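A.B. asks: Here's a sequence, model it:
(chains A and B, ligands or ions: 3)
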Amino acid sequence: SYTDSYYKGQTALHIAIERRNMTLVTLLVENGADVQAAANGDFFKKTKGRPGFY
Amino acid sequence: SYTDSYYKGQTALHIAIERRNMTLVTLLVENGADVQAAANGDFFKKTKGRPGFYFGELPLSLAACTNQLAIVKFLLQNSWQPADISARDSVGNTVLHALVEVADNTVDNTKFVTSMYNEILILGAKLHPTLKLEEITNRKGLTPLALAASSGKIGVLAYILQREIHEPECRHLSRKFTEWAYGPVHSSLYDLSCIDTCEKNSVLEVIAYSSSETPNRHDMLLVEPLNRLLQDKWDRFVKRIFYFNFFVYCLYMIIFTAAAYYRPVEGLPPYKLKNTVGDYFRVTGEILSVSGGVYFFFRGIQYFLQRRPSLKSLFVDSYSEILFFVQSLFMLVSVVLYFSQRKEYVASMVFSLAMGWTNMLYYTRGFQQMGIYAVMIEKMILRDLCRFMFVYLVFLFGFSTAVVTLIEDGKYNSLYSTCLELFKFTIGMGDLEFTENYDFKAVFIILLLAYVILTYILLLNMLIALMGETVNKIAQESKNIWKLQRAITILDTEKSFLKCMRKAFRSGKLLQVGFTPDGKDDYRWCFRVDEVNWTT
Ligand SMILES: C=C(C)[C@]12C[C@@H](C)[C@@]34O[C@](Cc5ccccc5)(O[C@@H]1[C@@H]3C=C(COC(=O)Cc1ccc(O)c(OC)c1)C[C@]1(O)C(=O)C(C)=C[C@@H]41)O2
Ligand SMILES: CCCCCCCCCCCCCCCC(=O)O[C@H](COC(=O)CCCCCC)COP(=O)(O)OCCN
Ligand SMILES: CNC[C@H](O)[C@H](O)[C@H](O)[C@H](O)CO
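C.D. replies: Numbering: from 1, shown residues only, chains lettered A, B, ... in the order given. Ligands and ions are numbered 1, 2, ... in the order given. Okay, here it is:
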């Protein structure tokens, strides 16, 4: 995962879903990926004066 | 080959390329035709006041300008007589300069010229990897980017600043470098070279100090790297310096007003100081006021010498500098009359004082809300009143001298008094009090009522309709005008800066590519931008 303050909590499952890779999503879920991890970095949070993706 | 003064230098290779005949071009190049002949006749020069076809005077330039890529590859690659990609004309314009010149900010032209530019750069990298075409300046010292910025070619500028090539062996020609992308957001680097710090002629200098005829003077600042640069420079350090300058100017005008109001009333200046508190503070205020006048005087001279504006556009741009300079001139004339022992310095001082307050409006520029008023005042004065003065003075003088001629013995028997009263009538504060006993009273009344109907009702409302139309013309353009003024302020604050530092860079001198055509690496002062776009 990303341990920094900006992408805090992003993991491979989020990247798999974002890339629209159904197979990789299926594999990661099969292999015990956490389907309730919270990606709560500043890039991912609600904000006004900064680009991001909430 | 044509030998006249109109088609000087035109030859068969030009005719073959112009006619788009690949076979004839191949044969002519085979037979030893000169692939770098200069057709520099008056038909072929860069000019506006004569019909012509300027293409850069060279067959390679002609081929590129006419959207004939195959001929370009033939001329550059063919071994019978290869063409030099970096050749220049009499103006010094290379193929890229010639390509810039033939833009016209239309969709299809943008597609053609952008395509041909991209292909030529890739081919130039392949043929001469150590050659840097984009750094060659024409006779006026302009690179193709600077020439594009000056000419207002929005398409070419937008292409170049956002250029990206996903291909090895030419990737070092890219300027936009995408580092990552997420769903709606992507982060990229922008090359930034010769935007801020070129030492000769940067893009921002070219856009800001353009002569107000440039077709897209204000739209060019909306192109993404420039907009982010100006916002970053504003928020980083420039905003504080601007507010500090505005505050200092306010203090200066307060001191000047206080000193001016408390002038001595006794005759025959200059006046000698008494050992009393009020005299010390008054003289201190006077010294500060004259100091400020001298400062603005030399700033004005420095501006005019650096810019060298023409008479035709002296006022169209540089309105604010002219007004600050005129304030300085009134202050200096006041000082001269003061030490020359004349009362008339009061008159000069007063005008400067009045100007000193209204020039405060210069500082409302750069606010999104408020700068529109300064702009509207400028345009109304420069266009509507200056054009309307001729018409109104024709009416004023006509009826004025008519009435003076009619009347003998009275207050309406001199040009001064009658001109003043007719002006009062025009702005709706006359009297019309037809109560004097004098001859030809009926004709007098007919003249005066005709004047009132013609100037008060008709001409004055004509003027008002025209000014209102002008305001509604630029109610819409506030957003762009604000940005342009902010850009000019940022550059002016950069130039002086009064600290001996030139920390005008944004982000680090980062390795961009690392892989030049040679074994070296390029560090290029890249600037990071995280853009967001909700398309799809
Ligand atoms: C140099 C010029 C062109 C000018 C200088 C003086 C005489 C001026 O009158 C004019 C002519 C004039 C006089 C009277 C009514 C209308 C126009 O317009 C300006 C000039 C015009 C103005 C009015 O314009 C303004 O709103 C100030 C101003 C507007 C926009 C700005 O960006 C700005 O930045 C410095 C300043 C102020 C005066 O300088 C002033 O204070 C006095 C006493 C007369 C005004 O002459
Ligand atoms: C909006 C578009 C349409 C606008 C139409 C304009 C209508 C304006 C009418 C104004 C008429 C005012 C006439 C002035 C009267 C006057 O002041 O008196 C006059 C003075 O003589 C004259 O000037 C002749 C009349 C002037 C001709 C005038 C077209 C007669 O003589 P008395 O002085 O003895 O009057 C003794 C009374 N004290
Ligand atoms: C108020 N007495 C007359 C004024 O001096 C002035 O001439 C007049 O009111 C305006 O034309 C109307 O606003």
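A.B. asks: ok, and what's touching stretch A:30-39?
C.D. replies: With contact meaning CB atoms under 8 Å, 6 or more residues apart in numbering or on different chains, stretch A:30-39 is reached by A:1, A:7-14, A:29. Backbone N, C-alpha and C define where each C-beta goes, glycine included.
A.B. asks: From the residues you listed, keep the buried residues only.
C.D. replies: A:7-8, A:10, A:13-14 (16 or more other CB atoms under 10 Å in any protein chain shown).
A.B. asks: And those, which two are furthest apart?
C.D. replies: With CB to CB as the measure, no two of the buried ones among the contacts of stretch A:30-39 lie farther apart than A:8 and A:13, at 15.1 Å.
A.B. asks: okay, now the residue of chain A found nearest chain B: neighbour count?
C.D. replies: Residue nearest to chain B within chain A: residue A:51 (4.5 Å; CB to the nearest CB). Close neighbours of residue A:51, defined as other CB atoms under 10 Å in any protein chain shown, add up to 16.
A.B. asks: which parts of whichever helix in chain A runs longest are buried?
C.D. replies: Once chain A is assigned using DSSP state H, the helix that runs over the most residues is helix A:22-30. For helix A:22-30, the neighbour count (16+ other CB under 10 Å) marks A:25, A:28 as buried.
A.B. asks: Can you show me the CA trace of it as CSV?
C.D. replies: Provided in CSV are the C-alpha atoms of helix A:22-30 (Å, rounded to 0.1, in the frame of the first residue of the first chain):
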residue,chain,number,x,y,z
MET,A,22,-12.1,-7.4,-14.1
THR,A,23,-9.7,-10.3,-14.0
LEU,A,24,-7.2,-8.7,-11.6
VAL,A,25,-10.1,-7.7,-9.3
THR,A,26,-11.4,-11.3,-9.3
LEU,A,27,-7.9,-12.6,-8.5
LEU,A,28,-7.2,-10.1,-5.7
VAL,A,29,-10.5,-10.8,-4.1
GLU,A,30,-9.8,-14.5,-4.4
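A.B. asks: so how far is that helix off the chain centroid?
C.D. replies: 14 Å (CA atoms, centre = their mean, to the nearest Å).
A.B. asks: cool, stretch A:39-54 as well?
C.D. replies: 12 Å.
A.B. asks: Kindly report the same for stretch A:35-53.
C.D. replies: For stretch A:35-53, the distance to the chain centre is 9 Å (CA atoms, centre = their mean).
A.B. asks: neighbours around residue A:50, how many?
C.D. replies: 10.
A.B. asks: okay, now the closest residue in space to it that isn't next to it in sequence: neighbour count?
C.D. replies: Once flanking residues are discounted, residue A:50 sits nearest to residue A:42: 7.2 Å by CB to CB, 6 or more residues apart in numbering or on different chains. By other CB under 10 Å, 13 other residues sit near residue A:42.
A.B. asks: Kindly report the same for residue A:52.
C.D. replies: Residues near residue A:52, counting by other CB under 10 Å, number 18.
A.B. asks: Leaving out sequence neighbours, find the closest residue to it.
C.D. replies: Nearest non-adjacent residue to residue A:52, counting by CB to CB, 6+ apart: residue A:43, 5.0 Å away.
A.B. asks: Over to residue A:28?
C.D. replies: Leaving aside its sequence neighbours, residue A:28 sits nearest to residue A:13 (CB to CB, 6+ apart; 5.1 Å).
A.B. asks: How about residue A:1?
C.D. replies: residue A:11 (4.5 Å).
A.B. asks: quick one: contacts for the residue nearest to residue A:2 when sequence neighbours are not counted?
C.D. replies: Residue nearest to residue A:2 in three dimensions, not counting chain neighbours: residue A:10, with 4.7 Å by CB to CB, 6+ apart. Residue A:10 makes contacts with A:1-2, A:39, A:41, A:44, as judged by CB under 8 Å, 6+ apart.
A.B. asks: if we can go back for a sec, so the residue nearest to residue A:50 sits against residue A:5, correct?
C.D. replies: Yes: Residue A:42 is in contact with residue A:5 according to CB atoms under 8 Å; the separation is 6.5 Å.
A.B. asks: can you tell me how far the closest residue to ligand 1 within chain A sits from residue B:234?
C.D. replies: Relative to ligand 1, the nearest point of chain A is residue A:49 (30.3 Å; CB to the nearest ligand atom). Distance, residue A:49 to residue B:234, using CB to CB, to the nearest Å: 14 Å.
A.B. asks: Can you list the residue ranges for helices in chain A?
C.D. replies: Using DSSP H, helices in chain A cover A:12-18, A:22-30.
A.B. asks: For ligand 2, give me its nearest residue in chain A.
C.D. replies: residue A:48 (58.4 Å).
A.B. asks: and that residue, how many neighbours?
C.D. replies: Other residues close to residue A:48 by other CB under 10 Å number 5.
A.B. asks: so which of the contacts of residue A:10 is the most crowded?
C.D. replies: Top of the contacts of residue A:10 by neighbour count (other CB under 10 Å): residue A:44, with 19 neighbours.
A.B. asks: Next, the contact list for it, please.
C.D. replies: Residue A:44 makes contact with A:7-10, A:52-54, according to CB under 8 Å, 6+ apart.
A.B. asks: Let me have these in JSON lines, extended by distance to ligand 2.
C.D. replies: Formatted as JSON lines, these follow (distance: CB to the nearest ligand atom, whole Å):
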{"residue": "A:7", "distance to ligand 2": "76"}
{"residue": "A:8", "distance to ligand 2": "78"}
{"residue": "A:9", "distance to ligand 2": "79"}
{"residue": "A:10", "distance to ligand 2": "78"}
{"residue": "A:52", "distance to ligand 2": "66"}
{"residue": "A:53", "distance to ligand 2": "68"}
{"residue": "A:54", "distance to ligand 2": "66"}
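A.B. asks: if we can go back for a sec, which of the contacts of residue A:10 come close to ligand 2?
C.D. replies: For ligand 2, no contacts are drawn from the contacts of residue A:10 by CB under 6 Å from any ligand atom.
A.B. asks: my guess is residue A:8 meets residue A:45, correct?
C.D. replies: No: the criterion here is CB under 8 Å, and residue A:8 misses it with residue A:45 at 9.2 Å.
A.B. asks: Show me the common contact partners of these two, please.
C.D. replies: With CB under 8 Å, 6+ apart, residue A:8 and residue A:45 have no common neighbours.
A.B. asks: As a quick check, tell me the outermost residue of chain A.
C.D. replies: residue A:49 (21.6 Å; CA atoms, centre = their mean).
A.B. asks: OK, contacts around that one?
C.D. replies: Residues counted as contacts of residue A:49 (CB under 8 Å, 6+ apart): none.
A.B. asks: Next, the contact list for residue A:47, please.
C.D. replies: residue A:54.
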